[PDB]
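*Asks:* Chains as they are written, first to last, in the authors' numbering: chain C, 147 to 194; chain F, 1 to 219; chain E, 341 to 388; chain G, 1 to 216.
Ideal placement from N, C-alpha and C gives every residue a C-beta, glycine not left out.
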């Protein structure tokens with residue numbers, strides 16, 4: 147609505163975590179989650 | 001850290017009249033979808049707050065039809081088409097949004113009636129209490145409206161504040177008036193060392209405080 | 341780790357997993373800041 | 001009507017902690033947010049924080065950060081607020097809110113819990129009568145009082161003539177002072193009754209098992 151927000155509110159990814167053998171965090175940044183109208187302006191391709 | 005102010009602080013409305021409580025916010029919460037994240041509440045005397053209107057423009061389920069919210073930008077008001085006795089309480093504004101939630105100062109609602117000044121009477125300490133080693137002067141104030149009132153105690157014409165306890169009651173279900181008690185706590189030496197005690201009542205309906213006095217030997 | 345505010349009890353000794361980082365052992369072994377130091381099976385110089 | 005059940009009141013000494021329960025009734029707590037509030041008579045309502053039972057995320061107001069933690073019990077659909085490191089300023093009535101009906105617009109509030117930070121211990125009341133003195137204190141109706149002082153915790157059941165007298169009977173809320181409560185009661189009766197007909201004030205304090213019958 148107003149106060150567009152578009153920021154993380156709920157965390158349903160996983161209920162809990164007990165043992166962690168690895169961790170990594172990137173630098174702070176800000177990504178625009180605001181919706182857009184029209185065609186798809188971004189393309190992301192990943193190989194794992 | 002949202003800042004908001006509720007106006008008026010209190011307002012008396014007679015049965016069948018309309019009540020208007022307004023709130024001003026330091027952040028815009030008006031939305032283009034027709035809803036406004038500001039919830040209205042009513043806290044009846046001795047009960048917890050109960051939701052009245054959600055998102056301003058949408059009435060809460062189970063609430064009487066008389067309750068409806070409206071406004072825009074940062075100024076919003078709650079309108080009651082017809083007010084009743086059960087509407088007594090304090091009305092609060094509750095901003096929503098995705099930020100730490102904030103509360104307002106509250107607005108008090110009273111049922112209007114013919115204004116009346118308090119009736120002041122004082123009871124001297126009991127003989128048993130004096131024998132035990134204590135003393136208590138009790139001042140009773142009854143049948144006054146509006147609720148706003150204050151009491152101060154004087155001993156031999158000197159203002160006394162220590163040991164003064166004031167307790168107010170709810171609006172009478174029959175006379176629609178208010179009553180309260182004012183008790184001055186004293187020791188036996190303190191009570192006997194003084195002769196005159198006065199109960200002064202400051203009320204909005206009387207420019208001069210209502211004064212009642214008694215002497216120690218009159219017990 | 342060696343200067344932490346508190347340590348666990350001998351019976352409650354903590355088991356901490358160290359990974360996803362680099363270790364600079366030159367400052368530790370060669371600083372002579374510790375009363376006693378010994379190694380079993382491998383010399384301290386080789387471990388570096 | 002969806003309601004939240006909380007403990008009536010709590011007595012905690014300074015520096016100790018309390019745990020306020022909030023049991024869901026008529027809804028599943030897992031599908032709705034839970035909120036907590038602090039209220040005192042001088043400032044009004046003060047927002048405490050919110051918790052998501054299904055996500056586990058919690059947000060606390062800076063005024064209460066480091067003083068409390070919010071959790072809930074999924075099995076019993078009960079929300080808990082822990083209030084620790086309490087002082088005199090923390091004496092307040094705490095409420096819980098939730099059950100927004102699958103929308104971030106509504107909520108339901110419980111009766112609230114009165115949390116008092118004090119060292120007061122259960123003390124029986126001291127009951128004395130307030131009888132007329134000089135004959136000048138006479139009107140068309142006779143007003144008689146009954147004072148209850150020096151008790152804890154509030155309230156004290158005060159009535160007149162064992163409950164058979166109710167016209168003109170008024171009892172006032174207790175006031176806390178120096179770890180003790182004080183209240184007064186008065187009744188106005190026709191001049192044809194007093195002093196011909198005895199008017200008695202009955203004071204009962206179940207917390208201390210104290211019962212006093214004082215005649216006037």
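Leaving aside the five residues before and after residue 124(G) along the sequence, list all residues of the same chain whose C-beta is less than 7 Å from its C-beta, in chain order.
*Replies:* These residues qualify, in order along the chain: 151, 205, 208, 210.
*Asks:* Excluding the 5 residues preceding and the 5 following residue 348(E) in the sequence, name in chain order all residues of the same chain whose CB lies nearer than 6 Å to its CB.
*Replies:* The answer, listed in chain order, is 354.
*Asks:* Can you give the Cα-Cα distance for residue 24(G) and residue 5(G), rounded to whole angstroms?
*Replies:* Roughly 7 Å separates the two Cα atoms.
*Asks:* Do the region 101 to 116 of chain F and the region 137 to 145 of chain F meet, that is, are 3 or more Cβ pairs less than 8 Å apart?
*Replies:* These segments touch.
*Asks:* Taking CB distances under 8 Å as the criterion, tell me whether residue 36(G) reaches chain F.
*Replies:* No - not a single Cβ of chain F is within 8 Å of the one on residue 36(G).
*Asks:* Does the contact criterion of 3 or more C-beta pairs under 8 Å hold for the region 131 to 139 of chain F versus the region 151 to 171 of chain C?
*Replies:* The region 131 to 139 of chain F is not in contact with the region 151 to 171 of chain C.
*Asks:* For residue 97(F), go through chain C and note every residue whose CB falls closer than 7 Å to its CB, in chain order.
*Replies:* Within 7 Å Cβ-Cβ: 149.
*Asks:* Residue 346(E) to residue 368(E), Cα distance in whole Å?
*Replies:* The straight-line gap from Cα to Cα measures roughly 20 Å.
*Asks:* Tell me which residues share the same chain as residue 215(F) and place their Cβ nearer than 7 Å to its Cβ, disregarding the 5 neighbours each side in the sequence.
*Replies:* Taken in chain order, the residues that qualify are 195, 196.
*Asks:* Are the C-beta of residue 191(G) and some C-beta of chain F separated by less than 8 Å?
*Replies:* It does not: the Cβ of residue 191(G) has no partner Cβ on chain F nearer than 8 Å.
*Asks:* Closer than 7 Å by beta-carbon distance: list the chain C residues that pair up with residue 55(G), in chain order.
*Replies:* Here the neighbours are 156, 157, 158.
*Asks:* Any beta carbon of chain C sitting closer than 8 Å to that of residue 52(G)?
*Replies:* Chain C, which has a Cβ nearer than 8 Å to the Cβ of residue 52(G), makes this yes.
*Asks:* Could you tell me the distance, in whole angstroms, from the CA atom of residue 84(G) to the CA atom of residue 40(G)?
*Replies:* Going by the C-alpha atoms only, they are around 18 Å apart.
*Asks:* Using a Cβ distance threshold of 8 Å, determine whether the region 33 to 47 of chain G contacts the region 82 to 100 of chain G, with at least three qualifying pairs required.
*Replies:* These segments touch.
*Asks:* Tell me the rounded alpha-carbon separation between residue 217(F) and residue 169(F).
*Replies:* Looking at the two C-alpha atoms, the distance is approximately 31 Å.
*Asks:* Classify residue 41(F) as helix, strand or coil using the three-state DSSP reduction.
*Replies:* Looking at residue 41(F) - three-state DSSP - the assignment turns out to be strand.
*Asks:* List the DSSP bridge partners of residue 184(G).
*Replies:* In the DSSP output, where bridge partners are listed per residue, residue 184(G) has 147(G).
*Asks:* For residue 102(F) and chain G, any beta-carbon pair shorter than 8 Å?
*Replies:* So, interface residue.
*Asks:* Buried or exposed for residue 104(F), going by 16 or more other Cβ atoms inside 10 Å?
*Replies:* Label assigned to residue 104(F): buried.
*Asks:* Could you pull out every residue in the same chain whose Cβ sits closer than 7 Å to the Cβ of residue 177(G), ignoring the five residues on either side in sequence?
*Replies:* For residue 177(G), where only same-chain residues beyond five positions count, there are no Cβ hits under 7 Å.
*Asks:* State the DSSP-derived secondary structure class of residue 85(F), mapped to helix, strand or coil.
*Replies:* Helix, per DSSP.
*Asks:* Is the beta carbon of residue 93(G) less than 8 Å from the beta carbon of residue 126(G)?
*Replies:* No, Cβ-Cβ distance for residue 93(G) and residue 126(G) is not below 8 Å.
*Asks:* Leaving out five residues before and five after residue 173(F) in sequence, what residues of the same chain have Cβ atoms less than 8 Å from its Cβ?
*Replies:* Cβ within range, chain order: 85.
*Asks:* If we ignore side chains and look at the alpha-carbon of each, how far apart do residue 159(F) and residue 200(F) end up?
*Replies:* About 10 Å.
*Asks:* In the region 19 to 33 of chain F, which residues sit with their C-beta less than 9 Å from some C-beta in chain C, listed in chain order?
*Replies:* Going along the region 19 to 33 of chain F in chain order, one finds 27, 28, 29, 30, 31, 32, 33 with a Cβ nearer than 9 Å to chain C.
*Asks:* What are the residues of the region 38 to 54 of chain F that lie near chain G, defined by any Cβ-Cβ distance shorter than 7 Å?
*Replies:* Those would be 48, 49, 50, 51, 54, in chain order.
*Asks:* Of all the CB atoms in chain E, is at least one closer than 8 Å to the CB of residue 169(C)?
*Replies:* So yes, residue 169(C) belongs to the interface.
*Asks:* Is the region 120 to 130 of chain F touching the region 28 to 35 of chain F, taking contact as three or more C-beta pairs under 8 Å?
*Replies:* Touching, no, given that fewer than three Cβ pairs across the two stretches are closer than 8 Å.
*Asks:* From the DSSP output, which residues share a beta bridge with residue 40(G)?
*Replies:* The partner list for residue 40(G) (beta bridge, DSSP) reads 44(G).
*Asks:* What residue from 154(G), 169(G), 175(G), 79(G) has the CA that sits closest to residue 164(F)'s CA?
*Replies:* Checking every option, the nearest Cα to that of residue 164(F) belongs to 175(G).
*Asks:* Would residue 150(C) and residue 33(F) qualify as a contact pair, given that the criterion is a beta-carbon distance under 8 Å?
*Replies:* No; because the gap between Cβ atoms is not below 8 Å, this pair is not in contact.
*Asks:* Quick check on DSSP: helix, strand or coil for residue 149(F)?
*Replies:* Note: residue 149(F) maps to strand in three-state DSSP.
*Asks:* To which residues of the same chain is residue 16(F) closer than 6 Å at the C-beta, ignoring the five residues directly before and after it?
*Replies:* Result list for residue 16(F): 82, in chain order.
*Asks:* In this structure, how does DSSP classify residue 217(F) when only helix, strand and coil are distinguished?
*Replies:* Here residue 217(F) sits in helix by DSSP.
*Asks:* Please name the residue, chosen from 45(G), 117(G), 157(G), 144(G), that lies closest to residue 109(G) on a Cα-to-Cα basis.
*Replies:* Comparing Cα-Cα distances from residue 109(G) to each of 45(G), 117(G), 157(G), 144(G), the minimum goes to 45(G).
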